[PDB]
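Chains as they are written, first to last, in the authors' numbering: chain B, 398 to 446; chain A, 943 to 991; chain C, 348 to 397. We put the beta carbon where it would ideally sit given N, CA and C, even for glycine.
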Amino acid sequence: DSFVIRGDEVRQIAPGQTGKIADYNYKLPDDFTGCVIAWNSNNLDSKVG
Amino acid sequence: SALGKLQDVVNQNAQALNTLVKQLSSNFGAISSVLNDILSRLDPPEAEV
Amino acid sequence: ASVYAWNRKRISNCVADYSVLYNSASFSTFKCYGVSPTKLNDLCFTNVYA
């Protein structure tokens, strides 16, 4: 499952974690098994304006 | 006190049962000893812990 | 006030709507300890210290 968030929001992507994104965008199960990968894409996603 | 043996058996049984009932109201390290209170105050993860 | 003189306020004898506070969306952290962030709109307290 791929998506984009803010860096400060990477914490919210975790089982049993409460937050706006984790609750209304992408909620993981409490017994989730897997692995979360997050990598910065500022140079490829940020443009002036 | 002529029936001391029978009275003692009754007392032991009653005291064990009362000790169990009293032990039903101990925290054991939880926030509270009331299961309804835990359920109404906490969300699934820490509720189950 | 400053942290070493943190201001304290007393809340009682009123109806607290925590849904609006939780949905303000302007709070960086809303860390609730001992009680859940949700399910706080149906609980009753003798006191609230702010």
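- Scanning its chain for C-beta atoms nearer than 8 Å, with the 5 sequence neighbours on each side dropped, one finds around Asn969 of chain A the residues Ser975, in chain order.
- Bounds of the alpha helix (DSSP H) holding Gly946 of chain A are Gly946 to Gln965.
- The C-alpha of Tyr380 of chain C lies about 14 Å from the C-alpha of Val991 of chain A.
- For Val395 of chain C, the secondary structure class from DSSP, reduced to helix, strand or coil, is strand.
- DSSP lists C:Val395 as the bridge partner or partners of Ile358 of chain C.
- A distance below 7 Å between beta-carbons, with the five flanking residues on each side excluded, links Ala989 of chain A to the following residues of its chain, in chain order: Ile980 and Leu981.
- A straight line joining the alpha-carbon of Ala352 of chain C with that of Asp985 of chain A spans about 34 Å.
- At a cut-off of 7 Å between beta-carbon atoms, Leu977 of chain A makes no contact with chain C.
- Taking a beta-carbon distance threshold of 7 Å, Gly431 of chain B does not count as an interface residue toward chain A.
- About 4 Å separates the CB atoms of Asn354 of chain C and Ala348 of chain C; that is less than 8 Å, so the two are in contact.
- About 7 Å separates the Cβ atoms of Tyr423 of chain B and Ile410 of chain B, confirming a contact at the 8 Å cut-off.
- Rounded to whole angstroms, the separation of the alpha carbons of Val407 of chain B and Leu368 of chain C is 23 Å.
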